[PDB]
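Have a look at this one:
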């Protein structure tokens, strides 16, 4: 395990814990009122809000121009050495990007793309091809990972893994409407911090699954 | 910022988010009942419990013998390059340990000692000496960081920093009885996972502050 893989793993887990806190910050609202509709000091709520709001402010502070294509190649290289090669997964990069630049938080985008690809690899069986597609259109960077999914591979103890065991287990769980697997929180947070969006498709039988990442170019 | 510093920073923040979840998992018990003593679906509680319990099981799985003294020297070297040198803080190592070994989770202990020293550095003014004392006694590893504290340095925007801004701010807050500054959660978690203990002393005026870490040798 390289230092880079361990760093990316810890970042992923960090953002997943933020995601869990934000869900908690949200979901306790309704069953509380049902008890109180029969006829939680907000200060506890606010000190979790302060944590998530701090992370929110962290994700907006570092924007600087960088070359998109070396970032894509670094992503492929890092995931290949971290997990794809030892899982027998072929990584493919499809992009026309050569000299294009983006004014962005390069390190956070790097973490987001790493996780976008690593998640697909974790959910792939030996011999599967995971493809990272990436391009720009007007004001938007678009990165999509597409692959034929074997979601049982996420929790297979005979296979090497990089992501946390409980995160991998949680990712096989049926998703509530509009909600991501917790472990993808970093992709969602970084996308939305760049005035973008993140979409986790379902695990599709007989068809490719997709993760779709978008980020504004000049934010 | 080296890869090692960024990895340690993300680990620190990860464990701090676990700590916040565990506090939330605990503290909502009492104000809820005061509402219900006038005359929160546990499933939401349990899915945070599963997260913390997973981390708990992770911290018990990797024990292997390693040399204690190179771990101490690596700690000093990493914090020197990550923060102490650029803050004008002198680091001192006081230990009789030479060849002693410990059957432990070397990477987690390394993160814990890094944070033990880095926290003291963050809470030091230029020219202060931060001392790491370390020894073994019977079944126990004991590591203590002692220093003359300037807690205002934690939040001084003119000084370089490694730890998260909101974590540094939270650490200046008055501590409830028996509770640590959230940012030290990694030290506490790793100590207790090694059948040990962690003690954060107060910020002492005219006297040294201490952080005391203990871990069982052969767990």
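Protein chains in written order, with PDB author numbering: chain A, 21 to 59, 86 to 265; chain A', 21 to 59, 86 to 265. A prime marks a further copy of an entry chain. Cβ atoms here follow ideal geometry from the backbone N, Cα and C, with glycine treated the same way.
From A:223, A:160, A:254, residue whose alpha carbon lies closest to that of residue 123 of chain A: Measuring from the Cα of residue 123 of chain A, the nearest candidate turns out to be A:160.
Tell me whether residue 201 of chain A sits in a helix, a strand or coil according to DSSP, three-state version. helix
How long is the line joining the alpha carbons of residue 284 of chain A and residue 28 of chain A', rounded to whole angstroms? Lying before the first or after the last residue shown, residue 284 of chain A is absent from chain A, which here runs from 21 to 265.
Would you mind telling me which residues of chain A sit closer than 8 Å to residue 168 of chain A', beta carbon to beta carbon, in chain order? Per Cβ cutoff of 8 Å: no residues; residue 168 of chain A' is ~16 Å from chain A at best.
Are the CB atoms of residue 33 of chain A' and residue 169 of chain A' nearer to each other than 8 Å? No, the Cβ-Cβ distance between residue 33 of chain A' and residue 169 of chain A' is not below 8 Å.
Under three-state DSSP, which class holds residue 143 of chain A'? coil
Quick one: complete alpha helix (DSSP H) runs, 4+ long, within the stretch 138 to 195 of chain A'? Taken in chain order, the whole alpha helix (DSSP H) runs of length 4 or more contained in the stretch 138 to 195 of chain A' are 152 to 168.
Hey, is residue 211 of chain A's beta-carbon within less than 8 Å of any beta-carbon in chain A'? yes
Quick check on residue 256 of chain A': does DSSP put it in helix, strand or coil? strand
So if I threshold CB-CB distances at 9 Å, which residues from the stretch 94 to 110 of chain A' count as touching chain A? 94, 96, 97, 99, 100, 101, 103, 104
Chain-ordered neighbours of residue 38 of chain A on chain A', where CB pairs are closer than 7 Å: 37
Determine whether the Cβ of residue 127 of chain A' lies closer than 8 Å to any Cβ atom of chain A. It does not: the Cβ of residue 127 of chain A' has no partner Cβ on chain A nearer than 8 Å.
Compare the beta carbon distance of residue 129 of chain A and residue 206 of chain A with 8 Å and say whether it is the shorter of the two. Contact flag set, yes.
Between which two residues does the beta strand (DSSP E) harbouring residue 245 of chain A' extend? 243 to 246
Is residue 55 of chain A' close to chain A, meaning its C-beta is less than 8 Å from at least one C-beta of that chain? So yes, residue 55 of chain A' belongs to the interface.
If you measure from the CB of residue 245 of chain A', is any heavy atom of the ligand FMN nearer than 7 Å? The ligand FMN is absent from the structure shown, which contains no ligands of any kind.
Counting only the same chain and skipping the five closest in sequence on each side, list residues whose C-beta sits under 7 Å from that of residue 132 of chain A. 206
Note down, in chain order, each residue of its chain lying with its Cβ closer than 8 Å to the Cβ of residue 223 of chain A, except the 5 sequence neighbours on either side. Non-local beta-carbon contacts of residue 223 of chain A in its own chain, meaning distances under 8 Å to residues more than five positions away in sequence, are absent.
Would you kindly work out how many angstroms separate the C-alpha atoms of residue 163 of chain A' and residue 255 of chain A', rounded to a whole number? Going by the C-alpha atoms only, they are around 12 Å apart.
Beta carbon of residue 84 of chain A, beta carbon of residue 186 of chain A: below 8 Å? Structure remark: chain A lacks residues between 59 and 86, so residue 84 of chain A is without coordinates.
Since residue 115 of chain A contacts residue 144 of chain A with CB under 8 Å, what's their CB separation in whole angstroms? 6 Å
Establish whether the CB of residue 203 of chain A' and some CB of chain A are separated by less than 8 Å. no
With a Cβ-Cβ cutoff of 8 Å, do residue 176 of chain A' and residue 226 of chain A' count as a contact? no
If you drop the 5 nearest sequence neighbours on each side, which residues of the same chain put their C-beta closer than 8 Å to that of residue 45 of chain A'? The residues are 91, 94, 95, 98.
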